[PDB]
Amino acid sequence: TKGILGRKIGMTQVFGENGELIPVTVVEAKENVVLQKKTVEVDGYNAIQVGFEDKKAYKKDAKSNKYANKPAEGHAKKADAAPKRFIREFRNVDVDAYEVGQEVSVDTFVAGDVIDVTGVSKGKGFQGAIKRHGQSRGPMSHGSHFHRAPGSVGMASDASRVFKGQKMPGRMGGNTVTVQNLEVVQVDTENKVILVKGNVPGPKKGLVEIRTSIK
Amino acid sequence: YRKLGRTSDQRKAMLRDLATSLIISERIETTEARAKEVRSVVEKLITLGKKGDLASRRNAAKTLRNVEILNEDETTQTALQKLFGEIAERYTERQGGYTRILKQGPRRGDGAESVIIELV
Amino acid sequence: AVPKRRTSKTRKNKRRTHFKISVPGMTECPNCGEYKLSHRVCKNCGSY
Amino acid sequence: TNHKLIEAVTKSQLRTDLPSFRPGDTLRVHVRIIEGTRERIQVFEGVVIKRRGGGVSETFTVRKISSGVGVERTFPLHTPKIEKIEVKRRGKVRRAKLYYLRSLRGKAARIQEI
Amino acid sequence: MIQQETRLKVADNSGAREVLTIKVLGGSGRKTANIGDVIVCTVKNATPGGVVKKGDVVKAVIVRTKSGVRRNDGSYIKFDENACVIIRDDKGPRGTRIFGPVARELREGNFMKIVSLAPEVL
RNA sequence: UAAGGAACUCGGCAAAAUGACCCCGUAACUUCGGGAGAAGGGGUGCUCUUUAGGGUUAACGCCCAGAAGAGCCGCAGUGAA
RNA sequence: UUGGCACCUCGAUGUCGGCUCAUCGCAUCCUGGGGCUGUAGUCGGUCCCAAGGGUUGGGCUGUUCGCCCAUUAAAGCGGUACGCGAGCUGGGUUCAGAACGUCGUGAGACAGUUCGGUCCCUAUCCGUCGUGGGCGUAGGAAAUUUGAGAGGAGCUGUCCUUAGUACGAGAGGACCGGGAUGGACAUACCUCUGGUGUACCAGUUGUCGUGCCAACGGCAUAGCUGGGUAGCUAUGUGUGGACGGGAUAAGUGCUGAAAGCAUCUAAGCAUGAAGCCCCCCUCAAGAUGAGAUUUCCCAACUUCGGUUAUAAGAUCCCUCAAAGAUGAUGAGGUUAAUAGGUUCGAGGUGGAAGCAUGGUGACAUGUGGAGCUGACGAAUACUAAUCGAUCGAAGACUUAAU
């Protein structure tokens with residue numbers, strides 16, 4: 001229930017009993033292990049640090065992020081584990097559980113649990129105009145010459161300047177987004193997937209970060 | 001796939017021409033982005049040629065424009081005949097490949113990256 | 001639309017801080033010949 | 001082969017008690033509607049206009065003339081609310097999507113058998 | 001998806017034939033209405049006789065739209081034309097006889113008298 | 001380009017729609033010429049028979065069919081401009 | 001607002017209304033909290049606190065303004081060069097044409113009507129939206145972070161129960177609580193419904209070609225027509241804002257003197273608003289105050305003037321996309337599944353060619369859910385990611401505990 005990391009596979013649907021259609025997202029969360037554990041005496045705050053999926057071992061002349069480097073090797077070996085791709089901290093959990101080196105399994109969650117999902121939204125390039133800010137077009141007709149530009153930016157004299165929050169073209173892009181109060185539809189322990197009701201941020205095969213709902 | 005600074009029909013036209021002169025000469029010199037596109041057009045032709053039947057000989061005639069080759073001993077054959085004749089028997093056991101690209105320096109007039117695409 | 005004041009020597013030269021070109025790849029042709037551009041082939045003037 | 005995990009996790013919800021049909025056939029669909037305190041079966045009979053999708057996401061559409069008014073119903077192919085499907089006749093058509101029926105009327109919208 | 005300036009077809013024997021919609025009731029800024037919603041309209045065409053004449057301003061309930069509605073089990077019910085029924089300020093029909101099929105969503109709107117008179121409710 | 005169809009706007013500006021050929025039908029008014037292509041309807045591919053005029057011509061034949069039947073195919077037959 | 005004055009601008013501060021986009025005040029239109037009432041109940045009237053959010057589509061006019069039609073919880077009043085033309089329009093009016101009324105002997109005029117009438121500019125500086133390079137942070141790196149500060153969000157209707165209860169002659173008809181659902185707005189996504197889909201499949205017209213038949217190619221908007229994968233999408237699918245704590249406003253109080261009574265106040269003690277601070281979401285140590293944790297690495301020469309060569313770790317270069325104007329980010333570089341040719345699928349189309357049979361023929365049937373298939377899922381080193389080069393540290397002083 002508390003926290004887990006996974007990859008986003010895609011969307012499908014499921015028929016709930018009483019025969020209603022449920023749109024669903026498939027999240028695959030295998031190889032979650034507890035790395036270092038932080039405490040208030042050493043660090044000032046309580047949290048656990050989890051690594052998601054394992055990469056290959058250290059090689060002498062590696063040139064990509066596929067192989068671990070020496071500092072990551074040492075860190076992931078202090079707890080008897082293999083190196084991981086993604087690492088995040090969870091502050092909402094109880095730190096007195098979770099021995100270092102444990103495996104966080106997918107059945108820590110149960111069907112019916114309310115959760116929050118946090119991803120990185122997906123990648124829209126320089127789009128700015130009426131797509132970035134949901135603004136109105138000018139007329140397409142009678143004599144217009146004003147279609148997709150922004151309007152006026154400010155006033156005359158009094159403000160001989162623009163202002164600090166003015167909305168102008170400049171890349172939609174890939175912010176961090178949390179969607180609150182989704183729901184777990186079904187947990188699959190042999191395939192190690194969770195079915196979440198709805199849709200979550202990001203492209204396919206991106207990282208998702210499920211947590212128990214704060215509200 | 002990639003647009004090569006041309007419209008849909010100019011692109012399709014010069015891509016058949018590029019595929020046909022590679023089968024004639026076995027080796028041609030062009031820019032890099034064009035080579036990376038004709039790479040996959042030529043190998044599907046060679047696949048059609050290794051099948052050999054009449055239905056595929058007719059599918060290869062939709063590409064592969066129309067030229068006569070004059071080999072030694074005064075043999076005249078078309079491009080479609082040379083393909084199905086010797087190009088197919090050459091790579092009768094490859095399972096893909098059939099072409100390689102080799103980079104050269106930039107051209108003088110423009111900065112274009114020049115390339116040699118050959119037929120392995 | 002038009003510049004209000006002329007641009008001084010110092011501001012013009014600050015703006016050209018990054019306007020430069022860099023040295024190319026330049027691997028050396030071992031078996032025969034002089035330097036060549038890396039990942040390229042020099043059939044003449046080089047064994048590679 | 002959509003994606004191994006997606007097909008693996010949804011395979012338990014595919015039905016197998018369904019006859020094969022294609023667009024142009026006439027169907028009788030026994031729908032299970034839930035009134036206040038009963039589960040009455042109601043029949044919808046029409047021509048299959050289209051079939052789209054794959055796996056658990058598949059759907060089909062049947063068209064009927066009710067009281068001078070055309071009506072269309074779209075169902076998920078594997079929904080548990082359909083209790084039975086029977087093929088009444090096989091039509092002979094020449095395309096997958098019979099949208100041209102929407103503008104026809106009278107005895108001009110008839111489908112051939114065989 | 002019925003908005004202002006949309007023409008509809010009347011499906012009862014109250015005298016009106018071809019009403020035109022003036023307002024979508026509901027809340028401020030509301031744009032469109034679908035099956036089961038109430039609208040304000042004006043009679044554009046009528047039969048001689050009848051209770052409603054022409055240029056009257058009346059209230060109607062939408063049955064039978066062309067965009068259709070979606071049900072929670074994931075099935076859809078598109079129709080072939082748009083139609084409506086003139087109502088009497090307590091969800092009671094103004095005419096006495098309803099033509100054509102209506103959709104089984106008026107039942108969850110306390111439009112029971114309209115569903116009773118309909119030849120087919122799907 | 002879903003659903004809607006002038007709600008846009010000073011103003012249907014711009015765009016959309018009509019459009020060739022054959023058959024049928026055509027108002028007020030009028031200086032009796034017109035209005036008029038008024039409006040408003042219907043038709044058109046391919047094959048084989050029968051007919052079959054101009055008869056191209058000596059002649060069916062040359063050639064438009066002059067026309068009626070019986071068939072075949074498509075979502076669509078002045079199938080494009 | 002209409003004016004008074006004539007201080008800046010006549011070697012130009014260049015325009016009413018509308019459109020696009022806002023931002024502030026509160027003298028408050030709605031929603032929140034109260035006092036009085038000539039407040040029985042439901043509704044109201046008047047005053048006090050309160051600026052968080054919200055505050056509509058049409059008909060007529062160039063119109064601001066106004067009248068009217070339908071809604072709504074509500075359709076607030078003002079400032080911003082009567083906000084905004086190097087952001088748009090050009091209907092109106094101070095341009096040349098023409099006509100009517102009227103005045104003038106006349107040329108002409110009115111500020112009276114009416115029809116027509118050219119809207120220039122490649123952004124240097126500040127400002128604003130995005131995005132990189134350099135150095136700094138007392139050794140050099142890789143990853144995970146605290147949060148000083150900053151931004152975002154902040155709306156509201158109807159129905160059902162309490163209850164036909166309280167009130168009331170009756171008609172009518174609640175407070176306070178408890179449940180469902182909507183409207184508008186915000187932002188994430190493509191399973192579903194749709195749209196598009198110019199290197200996907202099919203039908204078809206004219207003309208030219210591949211010597212002819214058959215089968216194909218070119219041009220005619222992609223020639224036209226019917227479908228349509230991936231991607232990108234709304235009108236489609238999910239989710240959010242009516243919670244909780246602290247301190248307050250108007251107000252209500254308790255105890256209580258000054259002033260032997262009284263009194264919310266002077267000492268004290270409570271309570272009390274969708275407003276203030278937190279709680280929720282995002283950014284954030286260039287926070288020069290440059291923070292914290294875990295792990296990795298550690299040299300000699302030397303005139304230590306610096307020279308070398310390097311370590312951990314990066315980069316140049318090359319194959320790419322879940323990323324992108326470029327750069328940056330992320331997936332890979334043979335000890336290899338990065339492109340992706342080949343093989344197999346999903347999905348799309350809808351029955352290939354050739355041959356055989358039936359028919360006088362157009363055509364039909366069989367072989368056979370056939371053939372073809374861009375972007376989506378697997379497998380497979382067959383082709384290309386060669387050999388190489390560059391950069392990169394050596395842990396200072398003072399004082400106090402040890």
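Residues numbered from 1 in each chain as written, not as in the entry; some residues may be left out. Chains lettered and ligands numbered in written order. Part of a larger assembly, values for the part shown. Heavy atoms only, no water. Residues with missing side-chain atoms left out of burial classes, pairs and counts.

As summarised from the PDB record, the model derives from cryo-EM at a stated resolution of 2.48 Å.

Caption draft 1: Quick look at the protein's contact with RNA strand F. Every residue close to RNA strand F is listed here: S141(A), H142(A), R94(D), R95(D), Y100(D), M1(E), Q3(E), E5(E), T6(E), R7(E), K66(E) and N82(E). For RNA strand F, the backbone makes up 56% of the atoms found within 4 Å of the protein, where backbone means sugar plus phosphate. Contact distances for RNA strand F include 2.8 Å between a phosphate oxygen and a side-chain N or O atom of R95(D). For the surface near RNA strand F, the per-class residue count stands at two nonpolar, five polar and five charged. (Near = heavy atom within 4 Å. Polar contact = N/O pair within 3.5 Å; in protein donor to acceptor, adjacent residues only side chain to side chain. Nonpolar A, V, L, I, M, F, W, Y, C, P; charged D, E, K, R; others polar.)

Caption draft 2: Examining the interface of chain E and chain D more closely. Taken together, the contact pairs 17 residues of chain E with 15 residues of chain D. For the side of chain E that touches chain D, the class distribution of residues is six nonpolar, three polar and eight charged. (Contact = heavy atoms within 4.5 Å.)

Caption draft 3: Examining the protein's contact with RNA strand G more closely. By nearness alone, 134 residues border RNA strand G, and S64(A), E89(A), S144(A), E43(B) and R94(B) come closest of all. Close to the protein, within 4 Å, the atoms of RNA strand G belong to sugar or phosphate groups at a rate of 76%. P71(A) places a polar main-chain atom, nitrogen or oxygen, 2.8 Å from a sugar or linking oxygen of RNA strand G. Within the side chain of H75(A), an N or O atom sits 2.9 Å from a sugar or linking oxygen of RNA strand G. When the residues that make up the surface near RNA strand G are grouped by side-chain class, the tally is 31 nonpolar, 53 polar and 50 charged.

Caption draft 4: Molecular detail of the packing of helix α1 (residues 8–25) of chain B against helix α2 (residues 32–51) of chain B. Residues and elements named next belong to chain B. Following both chains from N to C, one finds α1 and α2 inclined at 70°, their axes separated by 10 Å at the closest point. In terms of orientation, α1 lies roughly perpendicular with respect to α2. Between α1, through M14, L15, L18, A19 and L22, and α2, the contact on the second element is made entirely by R34, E37, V38, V41 and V42. Taken together, the residues of the contact of α1 with α2 break down into eight nonpolar, no polar and two charged. (Axes fitted to C-alpha atoms, helices over the stretch in contact; angles between N-to-C directions. Helix = DSSP H or I, 4+ residues; strand = E, 2+ residues; numbered from the N terminus. Parallel < 35°, antiparallel > 145°, perpendicular 65-115°, else oblique.)

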